[PDB]
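Undergrad: Input structure: protein.cif, which contains mmCIF, C-alpha atoms.
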```cif
data_model
loop_
_atom_site.label_atom_id
_atom_site.label_comp_id
_atom_site.auth_asym_id
_atom_site.auth_seq_id
_atom_site.Cartn_x
_atom_site.Cartn_y
_atom_site.Cartn_z
CA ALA Y 1 5.67 -7.50 -154.28
CA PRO Y 2 8.73 -7.02 -152.00
CA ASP Y 3 9.42 -3.46 -150.88
CA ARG Y 4 12.40 -3.83 -148.57
CA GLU Y 5 11.76 -0.71 -146.56
CA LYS Y 6 8.05 -1.54 -146.21
CA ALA Y 7 9.12 -5.08 -145.35
CA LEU Y 8 11.96 -4.02 -143.12
CA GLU Y 9 9.84 -1.67 -140.98
CA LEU Y 10 7.25 -4.37 -140.46
CA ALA Y 11 10.10 -6.64 -139.34
CA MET Y 12 11.58 -4.22 -136.89
CA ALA Y 13 8.05 -3.50 -135.70
CA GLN Y 14 7.37 -7.08 -134.67
CA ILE Y 15 10.88 -7.42 -133.22
CA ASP Y 16 10.31 -4.59 -130.75
CA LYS Y 17 6.78 -5.72 -129.98
CA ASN Y 18 8.36 -9.09 -129.26
CA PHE Y 19 11.40 -8.18 -127.21
CA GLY Y 20 11.11 -4.56 -126.21
CA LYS Y 21 11.50 -1.05 -127.57
CA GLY Y 22 15.03 -0.70 -128.90
CA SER Y 23 15.54 -4.40 -129.55
CA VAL Y 24 16.86 -3.22 -132.89
CA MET Y 25 17.48 0.23 -134.39
CA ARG Y 26 19.08 2.14 -137.27
CA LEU Y 27 22.12 3.96 -135.83
CA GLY Y 28 21.28 7.28 -137.41
CA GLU Y 29 17.77 7.09 -135.98
CA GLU Y 30 17.02 9.89 -133.58
CA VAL Y 31 14.95 8.57 -130.69
CA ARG Y 32 12.10 10.78 -129.59
CA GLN Y 33 10.79 8.77 -126.63
CA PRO Y 34 11.64 11.16 -123.79
CA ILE Y 35 12.18 8.87 -120.82
CA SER Y 36 12.68 9.97 -117.24
CA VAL Y 37 16.42 10.14 -116.76
CA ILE Y 38 19.04 10.90 -114.15
CA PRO Y 39 21.56 13.36 -115.70
CA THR Y 40 25.05 12.00 -115.72
CA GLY Y 41 26.63 15.30 -114.73
CA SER Y 42 28.39 15.45 -118.09
CA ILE Y 43 26.39 17.20 -120.75
CA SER Y 44 28.45 15.47 -123.42
CA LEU Y 45 27.78 12.07 -121.87
CA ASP Y 46 24.15 13.03 -121.33
CA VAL Y 47 23.86 13.57 -125.10
CA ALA Y 48 25.94 10.51 -125.94
CA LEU Y 49 23.34 8.49 -124.07
CA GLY Y 50 20.85 10.09 -126.43
CA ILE Y 51 18.13 10.69 -123.84
CA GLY Y 52 19.49 13.22 -121.41
CA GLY Y 53 20.80 10.84 -118.79
CA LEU Y 54 20.74 7.43 -117.20
CA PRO Y 55 17.38 5.79 -117.96
CA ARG Y 56 15.16 5.30 -114.91
CA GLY Y 57 14.23 1.86 -113.59
CA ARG Y 58 17.07 0.25 -115.50
CA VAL Y 59 20.19 -1.60 -114.58
CA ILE Y 60 23.19 0.59 -115.41
CA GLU Y 61 26.75 -0.71 -115.38
CA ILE Y 62 29.76 1.59 -115.19
CA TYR Y 63 33.03 -0.27 -115.63
CA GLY Y 64 36.62 0.78 -116.15
CA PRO Y 65 40.15 0.72 -114.60
CA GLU Y 66 40.60 2.29 -111.18
CA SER Y 67 40.61 6.10 -111.16
CA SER Y 68 38.83 6.16 -114.51
CA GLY Y 69 36.13 8.44 -113.08
CA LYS Y 70 33.41 5.89 -112.42
CA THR Y 71 32.42 6.77 -108.84
CA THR Y 72 32.43 10.49 -109.66
CA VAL Y 73 29.81 10.03 -112.36
CA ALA Y 74 27.93 7.72 -110.02
CA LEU Y 75 28.13 10.27 -107.21
CA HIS Y 76 26.88 12.96 -109.60
CA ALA Y 77 23.97 10.76 -110.62
CA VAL Y 78 22.91 10.40 -107.00
CA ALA Y 79 23.30 14.16 -106.61
CA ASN Y 80 21.09 15.03 -109.56
CA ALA Y 81 18.50 12.55 -108.39
CA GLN Y 82 18.33 14.02 -104.93
CA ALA Y 83 17.78 17.48 -106.38
CA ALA Y 84 14.78 16.02 -108.16
CA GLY Y 85 13.85 15.04 -104.63
CA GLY Y 86 14.66 11.35 -104.90
CA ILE Y 87 16.02 9.02 -102.28
CA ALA Y 88 19.37 7.25 -102.95
CA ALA Y 89 20.90 4.03 -101.71
CA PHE Y 90 24.58 3.09 -101.75
CA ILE Y 91 25.32 -0.61 -101.27
CA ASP Y 92 28.98 -0.21 -100.26
CA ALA Y 93 31.27 -3.19 -100.33
CA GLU Y 94 34.59 -1.48 -100.84
CA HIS Y 95 34.53 1.11 -98.08
CA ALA Y 96 36.16 3.80 -100.23
CA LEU Y 97 33.43 6.38 -100.66
CA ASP Y 98 34.61 9.75 -99.35
CA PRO Y 99 31.36 11.47 -98.20
CA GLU Y 100 33.23 14.74 -98.14
CA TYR Y 101 34.06 14.61 -101.85
CA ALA Y 102 30.42 13.57 -102.26
CA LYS Y 103 29.01 16.64 -100.58
CA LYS Y 104 31.14 18.61 -103.01
CA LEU Y 105 29.48 17.18 -106.09
CA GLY Y 106 26.06 18.05 -104.71
CA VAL Y 107 25.15 14.92 -102.76
CA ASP Y 108 23.08 15.20 -99.60
CA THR Y 109 25.12 12.71 -97.56
CA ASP Y 110 22.98 13.16 -94.46
CA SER Y 111 20.05 11.68 -96.36
CA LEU Y 112 21.92 8.91 -98.16
CA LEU Y 113 21.12 5.34 -97.26
CA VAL Y 114 24.28 3.26 -96.94
CA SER Y 115 24.84 -0.40 -96.31
CA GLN Y 116 28.04 -2.39 -95.88
CA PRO Y 117 27.06 -6.07 -96.51
CA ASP Y 118 28.73 -9.04 -94.83
CA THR Y 119 28.38 -11.20 -97.94
CA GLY Y 120 27.66 -10.84 -101.63
CA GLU Y 121 24.22 -12.35 -101.33
CA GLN Y 122 23.63 -10.08 -98.40
CA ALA Y 123 24.49 -7.01 -100.45
CA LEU Y 124 22.53 -7.81 -103.57
CA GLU Y 125 19.57 -8.85 -101.47
CA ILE Y 126 19.64 -5.85 -99.16
CA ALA Y 127 19.53 -3.93 -102.41
CA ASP Y 128 16.60 -5.91 -103.75
CA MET Y 129 14.68 -5.23 -100.57
CA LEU Y 130 15.32 -1.51 -100.72
CA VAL Y 131 14.49 -1.35 -104.43
CA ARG Y 132 11.06 -2.95 -104.19
CA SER Y 133 9.93 -0.38 -101.63
CA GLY Y 134 9.46 1.96 -104.56
CA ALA Y 135 11.01 4.71 -102.49
CA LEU Y 136 14.39 5.06 -104.19
CA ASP Y 137 15.12 7.09 -107.30
CA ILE Y 138 18.59 5.61 -107.61
CA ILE Y 139 20.73 2.90 -106.00
CA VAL Y 140 24.41 2.39 -106.68
CA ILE Y 141 26.33 -0.78 -105.89
CA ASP Y 142 30.01 -0.09 -105.42
CA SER Y 143 32.27 -2.77 -106.87
CA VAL Y 144 30.75 -5.70 -108.68
CA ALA Y 145 33.99 -7.55 -108.02
CA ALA Y 146 33.47 -7.27 -104.24
CA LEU Y 147 30.20 -9.21 -104.06
CA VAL Y 148 32.14 -12.33 -103.08
CA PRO Y 149 29.82 -15.31 -102.33
CA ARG Y 150 29.24 -16.20 -98.68
CA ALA Y 151 30.92 -19.55 -99.04
CA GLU Y 152 34.08 -18.03 -100.48
CA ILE Y 153 34.09 -15.53 -97.60
CA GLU Y 154 33.58 -17.98 -94.74
CA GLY Y 155 36.61 -19.77 -96.17
CA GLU Y 156 34.70 -22.90 -97.15
CA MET Y 157 35.63 -22.39 -100.79
CA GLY Y 158 37.87 -25.44 -100.35
CA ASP Y 159 37.77 -26.18 -104.09
CA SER Y 160 34.42 -27.92 -103.49
CA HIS Y 161 32.42 -25.38 -105.55
CA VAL Y 162 33.30 -22.74 -108.15
CA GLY Y 163 31.73 -20.03 -110.31
CA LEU Y 164 29.23 -19.42 -107.53
CA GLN Y 165 29.67 -15.66 -107.89
CA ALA Y 166 28.38 -15.26 -111.43
CA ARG Y 167 25.29 -17.25 -110.45
CA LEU Y 168 24.95 -15.02 -107.41
CA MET Y 169 25.06 -12.09 -109.81
CA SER Y 170 22.85 -13.66 -112.47
CA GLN Y 171 20.03 -14.84 -110.17
CA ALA Y 172 20.13 -11.60 -108.19
CA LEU Y 173 19.89 -9.62 -111.38
CA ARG Y 174 17.07 -11.88 -112.57
CA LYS Y 175 14.95 -10.76 -109.61
CA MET Y 176 15.87 -7.12 -109.15
CA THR Y 177 15.57 -6.04 -112.82
CA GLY Y 178 11.91 -6.84 -112.60
CA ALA Y 179 11.30 -4.93 -109.38
CA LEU Y 180 13.52 -2.09 -110.63
CA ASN Y 181 11.34 -1.51 -113.70
CA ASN Y 182 8.23 -1.19 -111.53
CA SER Y 183 9.90 1.12 -108.99
CA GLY Y 184 11.60 3.18 -111.68
CA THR Y 185 14.69 3.07 -109.51
CA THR Y 186 17.88 3.23 -111.51
CA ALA Y 187 20.59 0.95 -110.34
CA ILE Y 188 24.20 1.73 -111.12
CA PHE Y 189 26.53 -1.20 -110.62
CA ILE Y 190 30.06 0.20 -110.44
CA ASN Y 191 32.21 -2.43 -112.02
CA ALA Y 192 35.75 -1.30 -111.29
CA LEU Y 193 37.46 -3.99 -113.29
CA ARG Y 194 40.62 -6.01 -113.39
CA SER Y 195 38.95 -9.20 -123.48
CA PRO Y 196 35.56 -9.37 -121.66
CA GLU Y 197 36.62 -11.17 -118.44
CA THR Y 198 34.29 -8.95 -116.35
CA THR Y 199 35.83 -9.36 -112.87
CA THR Y 200 33.68 -12.51 -112.30
CA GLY Y 201 30.27 -10.81 -112.30
CA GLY Y 202 30.07 -8.71 -115.46
CA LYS Y 203 29.09 -11.92 -117.22
CA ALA Y 204 25.47 -11.64 -116.12
CA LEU Y 205 25.60 -7.85 -115.82
CA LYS Y 206 26.45 -7.67 -119.51
CA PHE Y 207 23.06 -9.03 -120.50
CA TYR Y 208 20.83 -7.57 -117.78
CA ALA Y 209 21.94 -3.98 -118.28
CA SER Y 210 20.19 -1.60 -120.61
CA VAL Y 211 23.07 0.83 -120.64
CA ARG Y 212 26.72 -0.06 -120.21
CA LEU Y 213 29.32 2.63 -119.81
CA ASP Y 214 33.02 2.18 -120.50
CA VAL Y 215 34.85 4.76 -118.38
CA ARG Y 216 38.51 5.33 -119.16
CA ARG Y 217 41.17 7.96 -118.53
CA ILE Y 218 42.92 9.53 -121.50
CA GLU Y 219 45.11 12.45 -120.48
CA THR Y 220 46.23 14.58 -117.59
CA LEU Y 221 44.90 18.11 -117.82
CA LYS Y 222 47.71 20.61 -117.50
CA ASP Y 223 48.41 24.30 -118.09
CA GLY Y 224 52.10 24.30 -118.94
CA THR Y 225 53.99 22.13 -116.46
CA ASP Y 226 51.66 21.96 -113.46
CA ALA Y 227 48.78 19.50 -113.59
CA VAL Y 228 45.17 20.36 -112.71
CA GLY Y 229 43.16 17.18 -113.20
CA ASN Y 230 42.35 14.51 -115.78
CA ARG Y 231 40.17 14.10 -118.86
CA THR Y 232 37.95 11.03 -118.85
CA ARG Y 233 36.42 9.34 -121.90
CA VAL Y 234 33.27 7.22 -121.86
CA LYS Y 235 31.83 4.91 -124.51
CA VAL Y 236 28.22 3.83 -124.26
CA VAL Y 237 28.95 0.34 -125.48
CA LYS Y 238 25.41 -0.78 -124.89
CA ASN Y 239 22.18 1.17 -125.03
CA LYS Y 240 18.75 -0.35 -125.24
CA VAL Y 241 16.94 3.00 -125.38
CA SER Y 242 18.88 4.89 -128.02
CA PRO Y 243 21.49 4.21 -130.71
CA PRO Y 244 24.56 2.81 -128.89
CA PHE Y 245 28.27 3.30 -129.43
CA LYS Y 246 28.35 7.08 -129.08
CA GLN Y 247 30.89 8.61 -126.69
CA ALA Y 248 31.80 11.75 -124.77
CA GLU Y 249 34.69 13.29 -122.82
CA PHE Y 250 34.79 15.59 -119.83
CA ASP Y 251 37.31 17.07 -117.42
CA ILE Y 252 37.60 16.36 -113.67
CA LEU Y 253 40.01 18.64 -111.80
CA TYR Y 254 41.80 17.32 -108.71
CA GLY Y 255 39.23 17.45 -105.93
CA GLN Y 256 36.34 18.59 -108.10
CA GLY Y 257 33.51 17.00 -110.04
CA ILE Y 258 32.86 16.99 -113.76
CA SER Y 259 33.82 20.52 -114.84
CA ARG Y 260 30.84 22.34 -116.25
CA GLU Y 261 32.95 25.08 -117.85
CA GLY Y 262 35.04 22.33 -119.37
CA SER Y 263 32.06 20.72 -121.02
CA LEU Y 264 31.04 24.19 -122.20
CA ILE Y 265 34.40 24.95 -123.76
CA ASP Y 266 34.30 21.51 -125.34
CA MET Y 267 30.86 21.32 -126.89
CA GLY Y 268 31.14 24.98 -127.68
CA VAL Y 269 34.09 24.45 -129.99
CA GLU Y 270 32.80 21.48 -131.94
CA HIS Y 271 29.39 23.10 -132.23
CA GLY Y 272 30.78 26.37 -133.64
CA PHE Y 273 29.57 28.80 -130.95
CA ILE Y 274 33.11 29.21 -129.65
CA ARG Y 275 35.93 29.68 -132.16
CA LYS Y 276 39.52 28.50 -131.67
CA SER Y 277 42.47 30.22 -133.37
CA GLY Y 278 45.57 28.15 -132.81
CA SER Y 279 46.16 28.24 -129.07
CA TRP Y 280 43.34 30.67 -128.29
CA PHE Y 281 39.61 30.66 -127.54
CA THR Y 282 37.13 33.39 -128.49
CA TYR Y 283 33.41 33.82 -128.11
CA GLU Y 284 31.66 36.24 -130.47
CA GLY Y 285 34.11 39.04 -129.98
CA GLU Y 286 35.27 38.39 -126.40
CA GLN Y 287 38.64 36.74 -125.77
CA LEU Y 288 38.62 33.73 -123.44
CA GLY Y 289 42.35 33.12 -123.17
CA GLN Y 290 45.40 31.23 -124.40
CA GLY Y 291 44.91 27.59 -123.38
CA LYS Y 292 41.84 25.59 -122.31
CA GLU Y 293 42.66 26.31 -118.67
CA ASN Y 294 42.70 30.13 -118.71
CA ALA Y 295 39.53 29.82 -120.71
CA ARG Y 296 38.00 27.57 -118.08
CA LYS Y 297 38.76 30.19 -115.43
CA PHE Y 298 37.46 32.85 -117.75
CA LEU Y 299 34.10 31.04 -117.92
CA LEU Y 300 34.20 30.41 -114.18
CA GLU Y 301 34.46 34.11 -113.39
CA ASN Y 302 32.15 35.53 -116.08
CA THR Y 303 29.03 33.67 -114.97
CA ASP Y 304 26.74 35.30 -117.57
CA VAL Y 305 28.76 34.23 -120.59
CA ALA Y 306 29.03 30.47 -120.61
CA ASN Y 307 25.67 30.49 -118.93
CA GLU Y 308 24.67 31.84 -122.32
CA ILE Y 309 26.82 29.28 -124.20
CA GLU Y 310 25.13 26.59 -122.17
CA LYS Y 311 22.07 28.29 -123.58
CA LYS Y 312 22.97 28.22 -127.30
CA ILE Y 313 24.33 24.68 -126.98
CA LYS Y 314 21.29 23.61 -124.98
CA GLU Y 315 19.25 24.99 -127.87
CA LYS Y 316 21.05 23.35 -130.84
CA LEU Y 317 20.14 20.14 -129.03
CA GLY Y 318 17.45 19.22 -126.51
CA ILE Y 319 17.99 21.07 -123.22
#
```
Transcribe the structure of this file into structure tokens.
TA:
Amino acid sequence: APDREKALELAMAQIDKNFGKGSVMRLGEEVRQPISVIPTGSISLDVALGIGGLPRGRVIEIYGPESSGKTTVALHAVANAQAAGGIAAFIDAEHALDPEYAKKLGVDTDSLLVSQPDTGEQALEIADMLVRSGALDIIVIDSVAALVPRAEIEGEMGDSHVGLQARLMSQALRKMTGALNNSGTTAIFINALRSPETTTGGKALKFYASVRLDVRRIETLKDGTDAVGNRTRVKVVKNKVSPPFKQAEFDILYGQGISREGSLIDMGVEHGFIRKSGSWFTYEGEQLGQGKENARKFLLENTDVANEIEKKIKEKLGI
């Protein structure tokens, strides 16, 4: 009577119907539920996520050591959302954002809502208020670790209460998540951190998120001796809308955003479109150059090509 696959599907079926789509899923499975998404700004990452970009109306956490490339991504997200004509909110509690660098990645600073909370409750709440107005496409909280409870701030944390922050984070996230889902507003909590300590607030953020990104830096992009930027690596450690654990890499040159041409030269190679002979790159006849960098330039100057690689790559996968 038992037909494991017939019995297994029926099991998964109920499981989703009981806890939500994606509550369980074969890793090879290839999701086909196209959800509204905010493009990460890194094609590779956008594919790693398995749905094009950050899922809308979800809580997204981006953690990693300082300079890992978190903000950048985050900034890009805002940027792509504004192009889709969405409004963006930035609950700043670190005062580091450099609007100028933002404008560079495509952000419309002049139309960006910004708030610099006096307390942690204040911040989270201000956010909650903004979210439930259903007007924002995306909201990004800078530094989970900075949402220090009011009590701790005022200096009354005289060893008379402890752990207050997680709670602050947990309860806050209990409320907002709901509202978020209805508004469709994506919320990116930038968790610049410090296994699994979580800087005091990732405890509750670990369960409320639907997508958790692990941003890390792996190598300094060079030519020969002179540097040009750094290659970041991300690992979607959690994904409740597509098979998790995939990962992508992308280049960010000093002062720039996620290098399109880089992504091109990267996904081109693995995918076959662009061939690499030792220390050289070639694209169906044409020579790109000796070394990823000259190639990058090459693709920067010859707009048509590359634009066509983006094409072929964008075809072999969903564009």
Undergrad: Please enumerate the residues selected by the PyMOL selection byres ((chain Y and resi 276-291) around 12) when evaluated against the supplied file, formatted as a VMD selection string.
TA: chain Y and resid 221 to 224 261 to 262 264 to 266 268 to 275 292 to 302 305 to 306 308 to 309 312
Undergrad: So which residues touch residue 122 in chain Y within 10 Å, counting all atoms listed in the file, skipping near sequence neighbours fewer than 5 positions away, as JSON, numbers by chain?
TA: {"Y": [115, 116, 117, 127, 128, 147, 148, 149, 150]}
Undergrad: Keeping only C-alpha atoms, write the selected residues to a file as a tab-separated table (two decimals), in the frame of the given file.
TA:
```
chain	number	residue	atom	x	y	z
Y	115	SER	CA	24.84	-0.40	-96.31
Y	116	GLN	CA	28.04	-2.39	-95.88
Y	117	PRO	CA	27.06	-6.07	-96.51
Y	127	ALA	CA	19.53	-3.93	-102.41
Y	128	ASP	CA	16.60	-5.91	-103.75
Y	147	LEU	CA	30.20	-9.21	-104.06
Y	148	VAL	CA	32.14	-12.33	-103.08
Y	149	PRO	CA	29.82	-15.31	-102.33
Y	150	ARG	CA	29.24	-16.20	-98.68
```
Undergrad: Got a sec: who's within 6 Å of range 225-241 of chain Y, counting all atoms listed in the file, leaving out chain neighbours fewer than 3 positions off, as a count of residues only?
TA: 25
Undergrad: If I take CA of residue 190 in chain Y and CA of residue 159 in chain Y, how far is one from the other in Å, to one decimal?
TA: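 CA of residue 159 in chain Y lies 28.2 Å from CA of residue 190 in chain Y.
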Undergrad: Using only C-alpha atoms, which protein or nucleic acid residues come within 10 Å of range 199-209 of chain Y? Drop anything in the same chain fewer than 5 positions from it, and give the result as an NGL selection string.
TA: :Y and (58-61 or 63 or 143-148 or 163-174 or 176-177 or 187-189 or 191-194 or 238-240)
Undergrad: CA of residue 78 in chain Y and CA of residue 57 in chain Y, how far apart in Å?
TA: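 So the answer is 13.8 Å.
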Undergrad: Report as a PDB file with C-alpha atoms, in the coordinates of the input all protein, DNA and RNA residues lying within 10 Å of range 7-16 of chain Y, evaluated on all atoms listed in the file, omitting residues in the same chain fewer than 6 positions from it.
TA:
```
ATOM      1  CA  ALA Y   1       5.670  -7.500-154.280  1.00  0.00           C
ATOM      2  CA  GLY Y  22      15.030  -0.700-128.900  1.00  0.00           C
ATOM      3  CA  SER Y  23      15.540  -4.400-129.550  1.00  0.00           C
ATOM      4  CA  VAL Y  24      16.860  -3.220-132.890  1.00  0.00           C
ATOM      5  CA  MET Y  25      17.480   0.230-134.390  1.00  0.00           C
ATOM      6  CA  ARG Y  26      19.080   2.140-137.270  1.00  0.00           C
TER       7      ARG Y  26
END
```
Undergrad: Using 3 Å of padding on each side, determine the axis-aligned box around all atoms of range 243-257 of chain Y present in the file and give its centre and edge lengths in Å to one decimal, as lines of an AutoDock Vina configuration file.
TA:
```
center_x = 31.6
center_y = 10.7
center_z = -118.3
size_x = 26.3
size_y = 21.8
size_z = 30.8
```
Undergrad: Taking all atoms listed in the file into account, name the residue in Y:76, Y:120, Y:130, Y:137 that is nearest to residue 151 in chain Y.
TA: Y:120
Undergrad: Quick one: everything within 6 Å of residue 37 in chain Y, counting only C-alpha atoms, minus sequence neighbours fewer than 6 positions away in the same chain. Send it as a PyMOL selection string.
TA: chain Y and resi 53-56
Undergrad: Could you check how far CA of residue 181 in chain Y sits from CA of residue 30 in chain Y, in Å to one decimal?
TA: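 Between CA of residue 181 in chain Y and CA of residue 30 in chain Y the gap is 23.6 Å.
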Undergrad: Report as number ranges by chain the full result of the PyMOL selection byres ((chain Y and resi 98-105) around 10) when it is applied to this structure.
TA: Y: 41, 71-73, 75-80, 95-97, 106-110, 112, 255-258
Undergrad: Since the input is missing atoms, can you rebuild N, CA and C atoms for range 241-261 of chain Y and write them as a short mmCIF file (atom, residue, chain, number, x, y, z; two decimals), keeping the file's coordinate frame?
TA:
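Result saved to result-v1.cif:
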```
data_model
loop_
_atom_site.label_atom_id
_atom_site.label_comp_id
_atom_site.auth_asym_id
_atom_site.auth_seq_id
_atom_site.Cartn_x
_atom_site.Cartn_y
_atom_site.Cartn_z
N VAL Y 241 17.97 1.96 -125.31
CA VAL Y 241 16.94 3.00 -125.38
C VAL Y 241 17.33 4.12 -126.33
N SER Y 242 18.41 3.91 -127.07
CA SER Y 242 18.88 4.89 -128.02
C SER Y 242 20.09 4.28 -128.73
N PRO Y 243 20.36 4.72 -129.95
CA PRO Y 243 21.49 4.21 -130.71
C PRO Y 243 22.72 4.18 -129.82
N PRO Y 244 23.37 3.01 -129.72
CA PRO Y 244 24.56 2.81 -128.89
C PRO Y 244 25.83 3.12 -129.64
N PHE Y 245 26.94 3.08 -128.90
CA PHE Y 245 28.27 3.30 -129.43
C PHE Y 245 28.71 4.75 -129.52
N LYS Y 246 27.92 5.69 -129.02
CA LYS Y 246 28.35 7.08 -129.08
C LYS Y 246 29.31 7.26 -127.91
N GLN Y 247 29.99 8.40 -127.82
CA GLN Y 247 30.89 8.61 -126.69
C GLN Y 247 31.14 10.08 -126.41
N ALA Y 248 31.54 10.38 -125.18
CA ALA Y 248 31.80 11.75 -124.77
C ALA Y 248 33.00 11.83 -123.85
N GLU Y 249 33.54 13.04 -123.70
CA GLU Y 249 34.69 13.29 -122.82
C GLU Y 249 34.38 14.47 -121.91
N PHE Y 250 35.00 14.49 -120.74
CA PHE Y 250 34.79 15.59 -119.83
C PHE Y 250 35.97 15.66 -118.88
N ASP Y 251 36.19 16.84 -118.31
CA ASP Y 251 37.31 17.07 -117.42
C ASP Y 251 36.93 17.01 -115.94
N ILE Y 252 37.81 16.43 -115.12
CA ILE Y 252 37.60 16.36 -113.67
C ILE Y 252 38.87 16.83 -112.98
N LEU Y 253 38.84 18.06 -112.46
CA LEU Y 253 40.01 18.64 -111.80
C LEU Y 253 40.20 18.03 -110.41
N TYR Y 254 41.46 17.88 -110.01
CA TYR Y 254 41.80 17.32 -108.71
C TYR Y 254 40.88 17.90 -107.64
N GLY Y 255 40.12 17.02 -106.99
CA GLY Y 255 39.23 17.45 -105.93
C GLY Y 255 37.88 18.00 -106.35
N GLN Y 256 37.61 18.07 -107.65
CA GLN Y 256 36.34 18.59 -108.10
C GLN Y 256 35.51 17.54 -108.83
N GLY Y 257 34.35 17.94 -109.31
CA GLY Y 257 33.51 17.00 -110.04
C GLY Y 257 33.72 17.22 -111.52
N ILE Y 258 32.75 16.80 -112.33
CA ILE Y 258 32.86 16.99 -113.76
C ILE Y 258 32.71 18.48 -114.04
N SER Y 259 33.78 19.08 -114.54
CA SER Y 259 33.82 20.52 -114.84
C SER Y 259 32.83 21.05 -115.84
N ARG Y 260 31.84 21.78 -115.36
CA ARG Y 260 30.84 22.34 -116.25
C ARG Y 260 31.54 23.17 -117.32
N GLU Y 261 32.24 24.22 -116.91
CA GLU Y 261 32.95 25.08 -117.85
C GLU Y 261 33.73 24.27 -118.88
#
```
